[PDB]
$ cat entry37.tsv   # TSV, C-alpha atoms
chain	number	residue	atom	x	y	z
A	1	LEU	CA	4.45	11.21	-22.51
A	2	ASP	CA	1.12	11.45	-24.38
A	3	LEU	CA	-0.52	14.87	-24.62
A	4	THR	CA	-3.87	13.52	-25.83
A	5	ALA	CA	-4.29	11.85	-22.46
A	6	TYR	CA	-3.26	14.89	-20.47
A	7	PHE	CA	-5.62	17.06	-22.48
A	8	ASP	CA	-8.55	14.69	-21.93
A	9	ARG	CA	-7.73	14.45	-18.20
A	10	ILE	CA	-8.04	18.19	-17.74
A	11	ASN	CA	-10.49	18.32	-20.68
A	12	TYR	CA	-8.51	20.86	-22.65
A	13	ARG	CA	-10.06	21.98	-25.90
A	14	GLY	CA	-8.16	24.87	-27.44
A	15	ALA	CA	-5.17	25.76	-29.61
A	16	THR	CA	-1.87	23.91	-28.96
A	17	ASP	CA	0.48	26.55	-30.32
A	18	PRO	CA	3.13	27.97	-27.97
A	19	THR	CA	1.33	31.29	-27.46
A	20	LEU	CA	0.60	33.27	-24.26
A	21	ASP	CA	-3.15	32.47	-24.31
A	22	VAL	CA	-2.63	28.79	-24.60
A	23	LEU	CA	-0.31	29.21	-21.62
A	24	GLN	CA	-3.05	31.02	-19.69
A	25	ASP	CA	-5.77	28.45	-20.62
A	26	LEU	CA	-3.69	25.44	-19.75
A	27	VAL	CA	-2.86	26.85	-16.36
A	28	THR	CA	-6.55	27.59	-15.57
A	29	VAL	CA	-7.84	24.14	-16.59
A	30	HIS	CA	-4.86	22.32	-14.99
A	31	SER	CA	-5.43	24.16	-11.70
A	32	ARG	CA	-9.09	23.37	-11.91
A	33	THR	CA	-8.85	19.62	-12.32
A	34	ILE	CA	-5.55	18.25	-10.95
A	35	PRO	CA	-5.50	18.92	-7.20
A	36	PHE	CA	-2.62	19.55	-4.89
A	37	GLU	CA	-2.40	16.61	-2.49
A	38	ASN	CA	0.42	14.90	-0.51
A	39	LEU	CA	-1.26	11.60	0.08
A	40	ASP	CA	1.76	9.63	-1.15
A	41	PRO	CA	4.35	11.26	1.12
A	42	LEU	CA	1.86	11.13	4.05
A	43	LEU	CA	1.41	7.33	3.71
A	44	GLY	CA	5.15	6.66	3.38
A	45	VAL	CA	5.41	6.66	-0.39
A	46	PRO	CA	8.18	9.11	-1.36
A	47	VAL	CA	8.28	11.29	-4.44
A	48	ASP	CA	11.65	10.80	-6.06
A	49	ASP	CA	10.82	9.90	-9.69
A	50	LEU	CA	10.18	13.17	-11.57
A	51	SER	CA	10.29	11.65	-15.05
A	52	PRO	CA	7.49	12.31	-17.54
A	53	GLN	CA	6.42	8.73	-17.43
A	54	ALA	CA	6.21	8.63	-13.69
A	55	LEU	CA	4.39	11.90	-13.36
A	56	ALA	CA	2.00	11.14	-16.25
A	57	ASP	CA	1.10	7.76	-14.86
A	58	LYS	CA	0.13	9.25	-11.50
A	59	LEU	CA	-1.45	12.62	-12.30
A	60	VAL	CA	-3.00	11.59	-15.61
A	61	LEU	CA	-3.71	7.90	-15.87
A	62	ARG	CA	-4.32	7.22	-12.24
A	63	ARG	CA	-6.40	10.36	-11.70
A	64	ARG	CA	-4.33	11.49	-8.70
A	65	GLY	CA	-2.98	14.85	-7.69
A	66	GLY	CA	0.52	15.61	-6.48
A	67	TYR	CA	2.59	18.37	-4.84
A	68	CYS	CA	4.96	21.04	-6.39
A	69	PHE	CA	7.55	18.77	-8.09
A	70	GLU	CA	4.85	16.64	-9.58
A	71	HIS	CA	2.65	19.51	-10.68
A	72	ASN	CA	5.38	21.72	-12.01
A	73	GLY	CA	7.18	18.65	-13.28
A	74	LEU	CA	4.15	17.65	-15.36
A	75	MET	CA	3.36	21.14	-16.53
A	76	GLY	CA	7.05	21.60	-17.53
A	77	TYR	CA	7.03	18.50	-19.72
A	78	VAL	CA	3.75	19.58	-21.30
A	79	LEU	CA	5.03	23.07	-22.21
A	80	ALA	CA	8.26	21.70	-23.60
A	81	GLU	CA	6.41	19.16	-25.78
A	82	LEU	CA	4.39	22.02	-27.24
A	83	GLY	CA	7.37	24.20	-28.13
A	84	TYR	CA	7.78	26.38	-25.02
A	85	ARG	CA	11.23	26.88	-23.49
A	86	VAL	CA	11.14	25.66	-19.90
A	87	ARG	CA	13.72	26.45	-17.20
A	88	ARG	CA	12.99	24.94	-13.78
A	89	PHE	CA	13.62	27.11	-10.66
A	90	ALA	CA	14.00	26.31	-6.94
A	91	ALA	CA	12.31	28.32	-4.17
A	92	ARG	CA	12.03	28.68	-0.38
A	93	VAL	CA	8.54	29.11	1.01
A	94	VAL	CA	8.38	31.97	3.52
A	95	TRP	CA	4.58	32.43	3.57
A	96	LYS	CA	3.14	33.55	6.89
A	97	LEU	CA	6.56	34.39	8.36
A	98	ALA	CA	7.88	34.25	11.21
A	99	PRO	CA	11.21	36.08	10.72
A	100	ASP	CA	12.23	34.51	14.05
A	101	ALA	CA	12.10	31.24	12.05
A	102	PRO	CA	15.13	29.79	10.28
A	103	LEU	CA	15.49	29.92	6.51
A	104	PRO	CA	13.39	27.31	4.81
A	105	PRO	CA	14.93	24.56	2.63
A	106	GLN	CA	14.63	24.96	-1.14
A	107	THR	CA	11.74	22.56	-1.38
A	108	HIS	CA	9.58	24.54	-3.74
A	109	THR	CA	9.96	24.57	-7.52
A	110	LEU	CA	8.35	26.71	-10.19
A	111	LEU	CA	8.99	27.40	-13.96
A	112	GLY	CA	10.35	30.20	-16.10
A	113	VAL	CA	8.79	29.91	-19.56
A	114	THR	CA	9.48	31.60	-22.91
A	115	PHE	CA	7.80	31.10	-26.29
A	116	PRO	CA	7.91	32.73	-29.76
A	117	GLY	CA	7.69	36.47	-29.65
A	118	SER	CA	7.28	36.31	-25.90
A	119	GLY	CA	7.87	39.61	-24.25
A	120	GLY	CA	10.53	37.89	-22.19
A	121	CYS	CA	10.25	35.08	-19.62
A	122	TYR	CA	6.97	34.26	-17.83
A	123	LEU	CA	6.70	32.69	-14.45
A	124	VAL	CA	4.43	29.62	-14.28
A	125	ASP	CA	3.52	27.85	-11.00
A	126	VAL	CA	0.65	25.32	-10.69
A	127	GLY	CA	2.24	23.66	-7.66
A	128	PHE	CA	2.08	26.07	-4.76
A	129	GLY	CA	-1.29	24.73	-3.54
A	130	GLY	CA	-4.35	26.82	-2.76
A	131	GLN	CA	-2.58	30.17	-3.30
A	132	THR	CA	-0.66	29.25	-6.40
A	133	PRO	CA	-0.91	31.92	-9.17
A	134	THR	CA	-3.69	31.38	-11.71
A	135	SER	CA	-2.26	33.40	-14.66
A	136	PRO	CA	1.18	33.45	-16.20
A	137	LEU	CA	3.18	36.28	-14.69
A	138	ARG	CA	5.62	38.46	-16.62
A	139	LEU	CA	8.91	38.27	-14.74
A	140	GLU	CA	9.39	41.95	-13.88
A	141	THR	CA	9.59	43.62	-10.51
A	142	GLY	CA	7.25	46.17	-8.95
A	143	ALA	CA	4.59	46.12	-11.62
A	144	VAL	CA	1.30	45.03	-10.13
A	145	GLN	CA	0.09	42.10	-12.18
A	146	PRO	CA	-3.58	41.15	-12.71
A	147	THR	CA	-4.53	37.47	-12.68
A	148	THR	CA	-7.83	35.67	-13.10
A	149	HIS	CA	-7.96	35.75	-9.25
A	150	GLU	CA	-6.09	38.22	-6.99
A	151	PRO	CA	-3.28	40.30	-8.47
A	152	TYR	CA	0.34	39.27	-7.96
A	153	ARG	CA	3.63	41.05	-7.87
A	154	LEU	CA	7.40	40.27	-7.94
A	155	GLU	CA	9.84	42.37	-5.92
A	156	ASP	CA	13.62	42.44	-5.89
A	157	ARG	CA	15.64	40.96	-3.05
A	158	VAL	CA	19.45	40.42	-2.73
A	159	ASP	CA	20.29	38.28	-5.77
A	160	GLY	CA	16.70	37.09	-6.06
A	161	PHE	CA	13.06	38.02	-6.40
A	162	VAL	CA	10.02	37.37	-4.19
A	163	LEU	CA	6.57	36.43	-5.33
A	164	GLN	CA	3.68	38.34	-3.66
A	165	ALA	CA	-0.11	37.91	-3.72
A	166	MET	CA	-2.70	40.55	-2.81
A	167	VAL	CA	-4.74	38.70	-0.18
A	168	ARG	CA	-7.12	40.81	1.95
A	169	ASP	CA	-5.78	44.24	1.08
A	170	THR	CA	-2.33	43.08	2.11
A	171	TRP	CA	0.52	42.06	-0.14
A	172	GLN	CA	1.50	38.60	1.20
A	173	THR	CA	4.89	37.03	0.46
A	174	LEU	CA	4.61	33.47	-0.78
A	175	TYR	CA	8.16	32.44	-1.58
A	176	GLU	CA	11.61	33.59	-2.61
A	177	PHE	CA	13.67	32.31	-5.58
A	178	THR	CA	16.53	32.88	-7.99
A	179	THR	CA	16.41	32.32	-11.74
A	180	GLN	CA	19.16	29.76	-11.63
A	181	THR	CA	18.21	26.79	-13.76
A	182	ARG	CA	18.03	23.67	-11.53
A	183	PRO	CA	18.91	20.30	-13.03
A	184	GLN	CA	16.64	17.29	-12.52
A	185	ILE	CA	18.95	15.76	-9.96
A	186	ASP	CA	18.73	18.71	-7.57
A	187	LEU	CA	14.91	18.75	-7.72
A	188	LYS	CA	15.05	15.02	-6.92
A	189	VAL	CA	17.21	15.78	-3.85
A	190	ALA	CA	14.74	18.43	-2.68
A	191	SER	CA	11.66	16.34	-3.31
A	192	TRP	CA	13.31	13.42	-1.49
A	193	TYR	CA	13.72	15.66	1.53
A	194	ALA	CA	10.15	17.03	1.10
A	195	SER	CA	8.55	13.57	0.93
A	196	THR	CA	10.76	11.64	3.41
A	197	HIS	CA	12.21	13.86	6.19
A	198	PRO	CA	10.14	13.28	9.38
A	199	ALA	CA	9.82	16.99	10.12
A	200	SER	CA	8.35	17.86	6.71
A	201	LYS	CA	4.76	19.07	6.73
A	202	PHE	CA	4.08	16.73	3.77
A	203	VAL	CA	5.00	13.74	5.88
A	204	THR	CA	3.40	15.04	9.11
A	205	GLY	CA	0.02	16.27	7.91
A	206	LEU	CA	-2.59	16.30	5.17
A	207	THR	CA	-2.66	19.24	2.76
A	208	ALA	CA	-4.93	19.38	-0.34
A	209	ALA	CA	-6.09	22.13	-2.71
A	210	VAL	CA	-7.91	22.83	-5.99
A	211	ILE	CA	-8.83	26.12	-7.65
A	212	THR	CA	-12.08	27.19	-9.26
A	213	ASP	CA	-13.37	30.17	-11.20
A	214	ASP	CA	-14.53	32.00	-8.07
A	215	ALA	CA	-12.75	30.18	-5.22
A	216	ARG	CA	-9.55	28.68	-3.77
A	217	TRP	CA	-10.22	25.38	-1.88
A	218	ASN	CA	-7.82	24.32	0.90
A	219	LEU	CA	-7.84	21.32	3.22
A	220	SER	CA	-5.39	21.07	6.12
A	221	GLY	CA	-5.98	17.91	8.06
A	222	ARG	CA	-9.72	17.82	8.83
A	223	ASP	CA	-10.20	21.55	8.34
A	224	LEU	CA	-11.73	22.51	5.04
A	225	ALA	CA	-11.70	26.01	3.64
A	226	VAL	CA	-12.92	27.95	0.63
A	227	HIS	CA	-11.48	31.38	-0.06
A	228	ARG	CA	-13.89	33.48	-2.14
A	229	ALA	CA	-14.47	37.19	-2.69
A	230	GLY	CA	-16.69	37.44	0.39
A	231	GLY	CA	-13.99	35.90	2.55
A	232	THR	CA	-13.36	32.42	3.79
A	233	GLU	CA	-15.79	29.73	4.82
A	234	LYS	CA	-14.34	27.22	7.24
A	235	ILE	CA	-15.47	23.89	8.58
A	236	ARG	CA	-13.88	21.21	10.73
A	237	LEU	CA	-14.90	17.80	9.35
A	238	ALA	CA	-16.42	15.10	11.50
A	239	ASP	CA	-14.58	11.77	11.13
A	240	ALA	CA	-12.03	10.08	8.87
A	241	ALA	CA	-14.84	9.15	6.49
A	242	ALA	CA	-15.70	12.86	6.03
A	243	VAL	CA	-12.15	13.73	5.04
A	244	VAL	CA	-11.90	10.81	2.56
A	245	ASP	CA	-15.26	11.83	1.03
A	246	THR	CA	-14.01	15.43	0.72
A	247	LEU	CA	-10.84	14.37	-1.16
A	248	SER	CA	-12.84	12.15	-3.52
A	249	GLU	CA	-15.92	14.37	-3.97
A	250	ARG	CA	-14.60	17.95	-3.64
A	251	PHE	CA	-10.95	17.48	-4.61
A	252	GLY	CA	-11.67	14.78	-7.16
A	253	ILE	CA	-8.85	12.51	-6.01
A	254	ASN	CA	-9.02	8.87	-7.11
A	255	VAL	CA	-8.71	7.59	-3.57
A	256	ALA	CA	-9.29	4.03	-4.74
A	257	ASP	CA	-5.81	4.17	-6.24
A	258	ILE	CA	-4.57	4.21	-2.63
A	259	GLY	CA	-6.19	0.81	-1.92
A	260	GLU	CA	-9.69	0.18	-0.52
A	261	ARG	CA	-11.24	3.50	0.51
A	262	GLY	CA	-12.53	1.68	3.61
A	263	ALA	CA	-8.93	0.73	4.36
A	264	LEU	CA	-7.63	4.30	3.89
A	265	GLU	CA	-9.89	6.00	6.44
A	266	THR	CA	-7.99	4.01	9.11
A	267	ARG	CA	-4.71	5.61	8.28
A	268	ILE	CA	-6.21	9.11	8.31
A	269	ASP	CA	-7.85	8.77	11.71
A	270	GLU	CA	-4.18	8.81	12.72

$ encode --input "entry37.tsv" --output "structure tokens"
Amino acid sequence: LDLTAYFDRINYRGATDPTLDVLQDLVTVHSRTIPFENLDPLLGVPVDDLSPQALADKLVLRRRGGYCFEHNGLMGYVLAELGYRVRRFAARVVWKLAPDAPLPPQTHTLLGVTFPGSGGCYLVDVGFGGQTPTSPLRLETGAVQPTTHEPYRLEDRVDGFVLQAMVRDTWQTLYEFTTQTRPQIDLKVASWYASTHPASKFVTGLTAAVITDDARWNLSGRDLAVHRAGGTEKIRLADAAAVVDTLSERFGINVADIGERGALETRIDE
């Protein structure tokens, strides 16, 4: 909608040319300021409008976060408005196995971005949550790829690729995808399932995350976590008031946009 407002939300000061380094800087500052959160789907408020207006009004004006379709929706509109070429991809999240588990639904979405003189297409994903990649990744298999955090890698699979992160001296598989361009309608169908089906983790529990220079912050219900170089510091928070303070104070979420903060704790206790 209005870049000025998106730039002053995430406080972006830099070039606006469709270059690689602008792509890297936008990703870092985006990740840093707009959290992952599923507070809408949790409280019975689906996500099925993925238009620039809708996504700008929530993540920018209202100072809220959002999940993958909202994040990578908003990033996608921003990169297109700047002169990047944006193709939206669908993905199935297989992180943490099991193989005994059925195939996940395609309820993740990321971006494949090109720009002038680009060396090809770059993967961009600011919507995977705490472990989302923090640097654009050249879309090539095998090659180990440095990021501002851990290094990432893509590997071939039958008709697709898989995205891997180096977490604790283990390559860990995050999700699997194809580079088939997905139209808005199909992302709407997926997000509708993600934010309304009663077995979806985004309807059944609280997940938040935000990323900093030296850490990845994750909240899963009342259990906070910060992944740093020296490992992970965990804490189980006391009451509903502790979790609501954590979202406001440490994830930066405008919880007042969800009604009286004293009226939201009640929902969380459940």

$ atom_distance --input "entry37.tsv" --atom1 "CA of residue 256 (chain A)" --atom2 "CA of residue 62 (chain A)"
9.5 Å

$ atom_distance --input "entry37.tsv" --atom1 "CA of residue 174 (chain A)" --atom2 "CA of residue 31 (chain A)"
17.5 Å

$ residues_near_point --input "entry37.tsv" --point "(-1.1, 17.8, -6.0)" --cutoff "10 Å" --atoms "all atoms listed in the file" --output "PDB file with C-alpha atoms, keeping the file's coordinate frame"
ATOM      1  CA  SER A  31      -5.430  24.160 -11.700  1.00  0.00           C
ATOM      2  CA  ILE A  34      -5.550  18.250 -10.950  1.00  0.00           C
ATOM      3  CA  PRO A  35      -5.500  18.920  -7.200  1.00  0.00           C
ATOM      4  CA  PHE A  36      -2.620  19.550  -4.890  1.00  0.00           C
ATOM      5  CA  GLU A  37      -2.400  16.610  -2.490  1.00  0.00           C
ATOM      6  CA  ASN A  38       0.420  14.900  -0.510  1.00  0.00           C
ATOM      7  CA  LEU A  39      -1.260  11.600   0.080  1.00  0.00           C
ATOM      8  CA  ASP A  40       1.760   9.630  -1.150  1.00  0.00           C
ATOM      9  CA  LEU A  59      -1.450  12.620 -12.300  1.00  0.00           C
ATOM     10  CA  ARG A  64      -4.330  11.490  -8.700  1.00  0.00           C
ATOM     11  CA  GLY A  65      -2.980  14.850  -7.690  1.00  0.00           C
ATOM     12  CA  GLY A  66       0.520  15.610  -6.480  1.00  0.00           C
ATOM     13  CA  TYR A  67       2.590  18.370  -4.840  1.00  0.00           C
ATOM     14  CA  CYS A  68       4.960  21.040  -6.390  1.00  0.00           C
ATOM     15  CA  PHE A  69       7.550  18.770  -8.090  1.00  0.00           C
ATOM     16  CA  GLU A  70       4.850  16.640  -9.580  1.00  0.00           C
ATOM     17  CA  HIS A  71       2.650  19.510 -10.680  1.00  0.00           C
ATOM     18  CA  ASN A  72       5.380  21.720 -12.010  1.00  0.00           C
ATOM     19  CA  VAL A 126       0.650  25.320 -10.690  1.00  0.00           C
ATOM     20  CA  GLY A 127       2.240  23.660  -7.660  1.00  0.00           C
ATOM     21  CA  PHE A 128       2.080  26.070  -4.760  1.00  0.00           C
ATOM     22  CA  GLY A 129      -1.290  24.730  -3.540  1.00  0.00           C
ATOM     23  CA  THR A 207      -2.660  19.240   2.760  1.00  0.00           C
ATOM     24  CA  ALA A 208      -4.930  19.380  -0.340  1.00  0.00           C
ATOM     25  CA  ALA A 209      -6.090  22.130  -2.710  1.00  0.00           C
ATOM     26  CA  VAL A 210      -7.910  22.830  -5.990  1.00  0.00           C
ATOM     27  CA  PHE A 251     -10.950  17.480  -4.610  1.00  0.00           C
ATOM     28  CA  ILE A 253      -8.850  12.510  -6.010  1.00  0.00           C
TER      29      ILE A 253
END

$ closest_residue --input "entry37.tsv" --among "A:254, A:60, A:151, A:220" --to "residue 9 (chain A)" --atoms "all atoms listed in the file"
A:60

$ closest_residue --input "entry37.tsv" --among "A:48, A:150, A:2, A:57" --to "residue 216 (chain A)" --atoms "only C-alpha atoms"
A:150

$ residues_near_point --input "entry37.tsv" --point "(10.0, 39.1, -6.3)" --cutoff "9 Å" --atoms "only C-alpha atoms" --output "ChimeraX atom specification"
/A:139-142,153-157,160-164,173,175-177

$ atom_distance --input "entry37.tsv" --atom1 "CA of residue 215 (chain A)" --atom2 "CA of residue 241 (chain A)"
24.2 Å

$ residues_around --input "entry37.tsv" --residues "residue 41 (chain A)" --least-positions-apart "4" --cutoff "8 Å" --atoms "all atoms listed in the file" --output "PyMOL selection string"
chain A and resi 45-47+195-196+202-203

$ residues_around --input "entry37.tsv" --residues "residue 146 (chain A)" --least-positions-apart "5" --cutoff "10 Å" --atoms "only C-alpha atoms" --output "PyMOL selection string"
chain A and resi 134-137+151-153+166

$ closest_residue --input "entry37.tsv" --among "A:189, A:165, A:3, A:56" --to "residue 80 (chain A)" --atoms "all atoms listed in the file"
A:3

$ residues_around --input "entry37.tsv" --residues "residue 107 (chain A)" --least-positions-apart "6" --cutoff "10 Å" --atoms "all atoms listed in the file" --output "list in words"
residues 68, 69, 90, 91, 92, 93, 187, 188, 189, 190, 191, 192, 193, 194, 195 and 200 of chain A

$ axis_aligned_box --input "entry37.tsv" --around "region 183-189 of chain A" --padding-each-side "8 Å" --output "JSON"
{"center_x": 16.9, "center_y": 17.7, "center_z": -8.4, "size_x": 20.0, "size_y": 21.3, "size_z": 25.2}
